[PDB]
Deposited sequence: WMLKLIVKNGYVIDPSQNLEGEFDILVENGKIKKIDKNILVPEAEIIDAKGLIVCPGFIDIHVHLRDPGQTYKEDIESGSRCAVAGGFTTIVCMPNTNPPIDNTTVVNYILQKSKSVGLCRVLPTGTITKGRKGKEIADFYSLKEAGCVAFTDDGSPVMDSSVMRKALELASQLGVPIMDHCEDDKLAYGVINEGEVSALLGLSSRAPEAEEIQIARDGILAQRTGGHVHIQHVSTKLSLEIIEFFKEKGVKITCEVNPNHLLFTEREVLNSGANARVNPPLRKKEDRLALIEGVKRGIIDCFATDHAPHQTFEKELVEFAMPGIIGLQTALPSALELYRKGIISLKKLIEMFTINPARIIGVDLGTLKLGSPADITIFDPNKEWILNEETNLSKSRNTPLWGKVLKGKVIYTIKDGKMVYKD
């Protein structure tokens, strides 16, 4: 027990604050006390981050932890392990559990398991409808009391478009976002949500986008000031061409893995938490985005979507810090796979860029 951590000698990047440079970080009592050149204080753990990139803990707003219900595919513990090894200090879990996250009991189980694992923050989402069934609007006042940070029906989508409408109405008084899509229909669903979003004032977040029209559609509503955001999974990216384009223009707000543990295979998609970064770094290596923007899409933008004050290194914030070497080579296989599943096309490829430390509330929760 010392209360004090110094991360010396790394390149700090904090897009939230426009901060970039060779700084040291003083961490004190869970929280960030100082950023400055050349720091030394008695009574502190030093971490030599020379050569490495130091930035806010990544946040991922789209993960399937499969818990309860399908914990052979994955569960809160192995999911949290994946997460911290991939530089994530907060993951948002989706409600297509069994039983589904539609009552406080399940919320409360998920928070409890979470505190016991100890590794990263898990924030619950609630379903939009009771039992995700499609008919009745769920109890938002109480699920948000209990700790839910978004509502979604993940893998049934509200076709009944006046349900979706009530969802956005209530979402907007409670100040939480509605998430949609997963599994010309895509474009029509996105335009419906945008239209419905502007009328209601509610924030809609689009979870899958696959075509140039959809991006243009979202981009249209965004310039009209509609509160509509979207994500792309960076393991996807290797018109798939226009997705790369929309990351460029800044139309896609954040990366989110849509970590999707499967045991049989033969939409369904793929595990992702441990490979997101080397993935996203490929775009940086081919010059599609800078390092600032790539960190932006893992930190502050996702933070802003689910409205939590994370993803910064503001003096005060919780010391949620990721430290990575963008140049280190490693291979996802049995040796290094921390997921209970195995389902990603990246298995056995050489990936480039590995997280070296993950710090949450000032405690080390992962070390290489």
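Counting the deposited sequence from 1, the stretches lacking C-alpha coordinates are 184-208, 264-286, 315-321.
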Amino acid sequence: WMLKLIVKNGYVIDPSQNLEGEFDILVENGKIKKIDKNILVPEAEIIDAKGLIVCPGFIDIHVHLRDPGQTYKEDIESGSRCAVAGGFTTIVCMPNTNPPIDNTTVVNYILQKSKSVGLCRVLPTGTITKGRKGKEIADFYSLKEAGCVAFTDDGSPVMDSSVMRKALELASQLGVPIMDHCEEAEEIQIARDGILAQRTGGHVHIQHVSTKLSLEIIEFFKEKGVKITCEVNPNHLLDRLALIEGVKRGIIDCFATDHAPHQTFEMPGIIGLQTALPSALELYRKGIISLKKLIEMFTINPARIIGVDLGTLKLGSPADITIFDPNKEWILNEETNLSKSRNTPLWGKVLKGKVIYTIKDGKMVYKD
From here on, numbers count along this sequence of modelled residues.
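So that the term is clear: the rigid core is the largest set of C-alpha atoms that superpose within 1.5 Å between two forms.
The stretch that strays farther, by root mean square C-alpha distance over structures and residues in 4 other deposited structures of this protein after a rigid core fit, is 156-164, when 284-292 is set against 156-164.
Larger root-mean-square CA separation from the shown form, computed after a rigid core fit of the structures in 4 other deposited structures of this protein, is seen for 239-247 when 128-136 is set against 239-247.
Gaps at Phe220 occur in none of the other compared entries of the protein that contain both adjacent residues, all of which model it rather than a third dropping it. At least a third of the other compared entries skip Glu266 while keeping the residues on either side. Between 312-320 and 57-65, the higher mean Cα B-factor belongs to 312-320. Averaged over CA atoms, B-factors in the entry run higher in 162-170 than in the other of 162-170 and 188-196.
For the set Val204, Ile270, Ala256, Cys82, the PDB entry puts the maximum C-alpha B factor at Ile270.
The maximum CA B-factor among the listed residues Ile76, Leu237, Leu281, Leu111, taken from the PDB record, is found at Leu237. Placement of the Cα temperature factor of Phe220 within the chain: middle third of the modelled residues, per the deposited record. In this PDB entry, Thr344 carries a Cα temperature factor that places it within the middle third of its chain's modelled residues.
Placement of the Cα temperature factor of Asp139 within the chain: highest third of the modelled residues, per the deposited record. Looking at the C-alpha B-factors along this chain, the one for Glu329 belongs to the middle third.
Per-chain ranking of the deposited C-alpha B factor places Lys50 in the lowest third.
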